[PDB]
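Chemist: Here's a structure for you.
Computed from the coordinates by the stated procedures, all read-outs in this text should not be read as laboratory data. With ideal geometry, Cβ positions are generated from the backbone for all residues, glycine too; neighbour counts draw on all protein chains shown.
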């Protein structure tokens, strides 16, 4: 019985894993979350005479889990869909495979802890959760509901959206793991609420309201057909690795110029747009600069020009 | 700012194991390189405190700055420290001393110590690693002698062939009056002390 | 101190070892003292039998004590820190370009981009 | 001799211990079934080395356990946050999703 | 399978015990079958509370289980505390006692229930239970009723000037709404300006966390200030600088440009003119 | 059940973790039941 066991432990230690003794149970146990994430994880290597080969016990709930995300319709019929996945391993033993599924489960439990915990603080952007699910009300009556697993071209496009929503959440999650390093970032704290939020999801909303708003604006111009020049400059336009792209997502202001074209003679009205993540429509015409908030005020502000400038055309 | 220092000799014979250990049980490592300077007061008669700690200590991070440059002596960032003596008969519990992290920004840097009438005194380069632990932090020392005065060109000169690595736990109390914050700090350092006593022997040391 | 801890622990280990071995050898050694037969009273023989069996059980027990030590030492050799973080599937190193084109495209979805300019 | 290797060395020690039983029971058997003092002198002469070599082997392996200077108490792990392989792994899946 | 083993033993003992003493006979098993599944019902709840402690949602949850007959003690967010108890109980009623029976209808069971106390309210309301049920959902319904009582309370503390729907205190400001749903778990109402809110966040929610002043006068400040936020955007055409060199009285004091000084104003809201220095000729109108 | 060396070493906080807890409280089920069956008698 003896030689069978500690040699297996050699098989694991050879693969470089932390090992620690337990209570009176006396079995050695694996720190399976050695790559880490948030919470610590342990698992005794239970002897299994019934199968000879050993198997690791753990307190983990579901044998399988992943951060499912999906798109409700107006009737909340599902349209888009996603589920988190992992690349295949090539273990020399079943037990190590169990260790990997084990660690990935603890990992996903932690990411669920993250979105659930932020879900408290971010509700003032309109985020909701009943606890069993996380409502995210948005445009065109939809909810990007999220749930952990228990136990024509548009579909492909939305599937790509699901890829983004699923992966980027993990990336930002890892960024939060980087932020757990405790540099204590003072200046943003007063731009922050309460307090050390992961910020794992808020920017993801931020770019969405950005998209929907700019879209609505361009549709407002198209409704009466007027020339304009959209001028994007995203933070992630420049990156040489995922480490830079990781920092591309931040609380930083995102200016966007809008050289709308009206008069064929009088100068185009510059329209700065700077939505800060937390903590927006700065007009600038032939007359003087202005600072708004609602896009509708920007619209009527244009209306003063289509009106009064036309009256200027009528002056002579 | 009342710092709560600790000290711990590390023989170089076993130093790498300590690194592999700390990396697996603490935040960081963050790389540490720095160039101390001391500029000496020179006035008579007393009462000048003229204490060995009374001599001023300007500090400057130098790691990110490139070795080739020679005009780093002013262009580099700088800071100023005092570090008063530790409180008397302080044992078991960590020694505690006042510290003041001054900073400054101008093209005129070093010159000011002469403007105070102070002149050049002893200096030494520090290298090692820091490890975060919420508020508390532990830095490990190597006091390399510079290859030339105010020069940043390797090799730098060891004090001896087998220089001990000088481990140094510390934390920075915002103010001495708050025994509450003193309690939280003494607690945190106590937990750190327990955390790494398993492979090192820290102790209070008078200063 | 760090030293005296391992030292005294080593003292404990050596103590248990010498005690176990001395136990086995003593219990066996006294059986020969018990081995005598002739000239004994019939009653006197009786306790000696139980003494034999008990010495044997004591021997096998100290033998168990030895393995009990062996498990300890094995546990000590696996409580040590790893030299390095373990290798995994670093294979198929991910592209940066597609991620950018996808993010930038989706963010610009249904949007009439008009270059940049200074 | 490093890390797991000493443990494997302990495996070498493992086979010897149980036999020490029957060998003793062999020794007595020489005065028992064999009824021979000389053969008992033989196997008793053999039997003691099973004791000596294992005892000294333990004391020496333990001495190695001290020379290795492995700490007496298991360390409390930090909540490790970002080993690189985890990072490029998650990145690998990210491209896998893309 | 251990349950199929260990359970049968003692029950088979008691079935004999019915004959060892007086005849009951069958129902004595029945009762024992409930509290069993009821006591486990507490564990299956109580253990989950610990999952909500060590994991999300972290703190403000520490309902100790008790070794006596079982007794939960859930706690909550600090607020100058608050707690739920849960118990099995026995409440016989005559309404079935005689109207039933004489059939396949039990007299005494007897008896078993599920208390759910809701203290620090004086209500001690016995909220319904109906599986599926979890440690969470109770806390959810409880925060719902409790916090909504805080909502209606502050609604009473609100000015008459600003009417509010029962939906959650979602007060209007022509036309934009300011929903003020209370945060689940920890308080500080997660108000939503309307999508993504401006700086008033820090002026509100974080300021509400400051705890100073009643959560009303501050809201009063918000109603006072947001209207200014509207008008100042409307102040761009015709430089209504709203100079405060006259007075900070609620009626408000817009200026004019580009030029004793006349002072156009709005308050009722209604059209109004009050040139003043002093206080000169004034008159009001009502267009739109 | 029936009834409900120096190897004290283990990781401090442990949690999150696992450690049997091979069995618990199951004895308290039925025993609370029989202590309660005698309750009306009491």
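Chemist: Given the criteria more than 16 Å from the chain's Cα centre (by Cα), more than 11 Å from chain C (Cβ to nearest Cβ) and surrounded by 14 or more Cβ atoms within 10 Å (Cβ to Cβ), does residue D:76 qualify?
Modeler: yes
Chemist: Okay, next question. When you look at residue E:78, is it out of contact with any helix residue (DSSP H, G or I) (no Cβ under 9 Å at 6 or more places or on another chain) and surrounded by fewer than 16 Cβ atoms within 10 Å (Cβ to Cβ), yes or no?
Modeler: Spelling it out, residue E:78 is indeed out of contact with any helix residue (DSSP H, G or I) (no Cβ under 9 Å at 6 or more places or on another chain) and surrounded by fewer than 16 Cβ atoms within 10 Å (Cβ to Cβ).
Chemist: Looking at B:145, B:125 in this structure, which one is under 14 Å from the mean Cα position of the chain (by Cα) and closer than 21 Å to residue B:58 by Cα?
Modeler: B:125
Chemist: Here is a further query. Need pairs with beta-carbon distance below 6 Å; first residue farther than 20 Å from residue E:233 by Cβ and within segment E:248-259, second assigned to a loop (DSSP other than H, G, I, E, B); sequence gap 6+ or separate chains.
Modeler: These pairs meet every condition: E:251/E:267.
Chemist: (1) part of a helix (DSSP H, G or I); (2) within 23 Å of residue C:86 (Cα to Cα); (3) more than 7 Å from chain C (Cβ to nearest Cβ): which one isn't true of residue D:52, the others all being true?
Modeler: With (1) part of a helix (DSSP H, G or I); (2) within 23 Å of residue C:86 (Cα to Cα); (3) more than 7 Å from chain C (Cβ to nearest Cβ) applied to residue D:52, the lone miss is (2).
Chemist: Residue check: is residue A:254 part of a helix (DSSP H, G or I) and either out of contact with any helix residue (DSSP H, G or I) (no Cβ under 6 Å at 6 or more places or on another chain) or under 30 Å from residue A:169 (Cβ atoms) (or both)?
Modeler: Criteria not met by residue A:254.
Chemist: So which of E:59, E:63 is more than 14 Å from chain A (Cβ to nearest Cβ), assigned to a loop (DSSP other than H, G, I, E, B) and closer than 29 Å to residue A:197 by Cβ?
Modeler: E:63
This table checks each residue for (1) facing chain D (nearest Cβ under 10 Å); (2) loosely packed, with under 12 Cβ neighbours inside 10 Å; (3) closer than 30 Å to residue A:232 by Cβ; (4) under 43 Å from the mean Cα position of the chain (by Cα).
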position: C:25; (1), (2), (3), (4): yes, no, no, yes
position: C:30; (1), (2), (3), (4): no, no, no, yes
position: C:42; (1), (2), (3), (4): no, yes, no, no
position: C:57; (1), (2), (3), (4): no, yes, no, yes
position: C:80; (1), (2), (3), (4): yes, no, no, yes
position: C:85; (1), (2), (3), (4): yes, no, no, yes
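Chemist: One residue is enough: does segment F:22-38 have a residue meeting the conditions more than 14 Å from chain A (Cβ to nearest Cβ), loosely packed, with under 13 Cβ neighbours inside 10 Å and in a loop (DSSP other than H, G, I, E, B)?
Modeler: The answer is yes, given that some residue of segment F:22-38 is more than 14 Å from chain A (Cβ to nearest Cβ), loosely packed, with under 13 Cβ neighbours inside 10 Å and in a loop (DSSP other than H, G, I, E, B).
Chemist: Contact list please: Cβ distance under 8 Å, first residue in segment E:1-18 and away from every other protein chain (no Cβ under 11 Å), second residue assigned to a helix (DSSP H, G or I), pairs at least six apart or on different chains.
Modeler: Qualifying pairs under 8 Å: E:15/E:29; E:18/E:28.
Chemist: While we're looking at this one, here's another question. For segment A:3-21, name all the residues that are under 39 Å from the mean Cα position of the chain (by Cα), in a helix (DSSP H, G or I) and within 9 Å of chain C (Cβ to nearest Cβ).
Modeler: Listed by number, the residues that qualify are A:9, A:13.
Condition check ((1) within 16 Å of residue A:164 (Cα to Cα); (2) in a loop (DSSP other than H, G, I, E, B); (3) in contact with a strand residue (DSSP E or B) (Cβ under 8 Å, 6 or more places away or on another chain)) across all residues:
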residue	(1), (2), (3)
A:185	no, yes, no
A:195	no, yes, no
A:213	no, no, no
A:218	no, no, yes
A:224	no, yes, no
A:233	no, yes, yes
A:244	no, no, no
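Chemist: Are any residues in segment A:270-289 within 14 Å of chain E (Cβ to nearest Cβ), touching a strand residue (DSSP E or B) at 6+ places or on another chain (Cβ under 9 Å) and closer than 13 Å to residue A:309 by Cβ, and if so, which ones?
Modeler: Within segment A:270-289, A:285 is the sole residue that qualifies.
Chemist: Can residue A:41 be described as part of a loop (DSSP other than H, G, I, E, B), within 22 Å of the chain's Cα centre (by Cα), within 14 Å of chain D (Cβ to nearest Cβ) and surrounded by 13 or more Cβ atoms within 10 Å (Cβ to Cβ)?
Modeler: No; evaluated as a whole, the condition is false for this residue.
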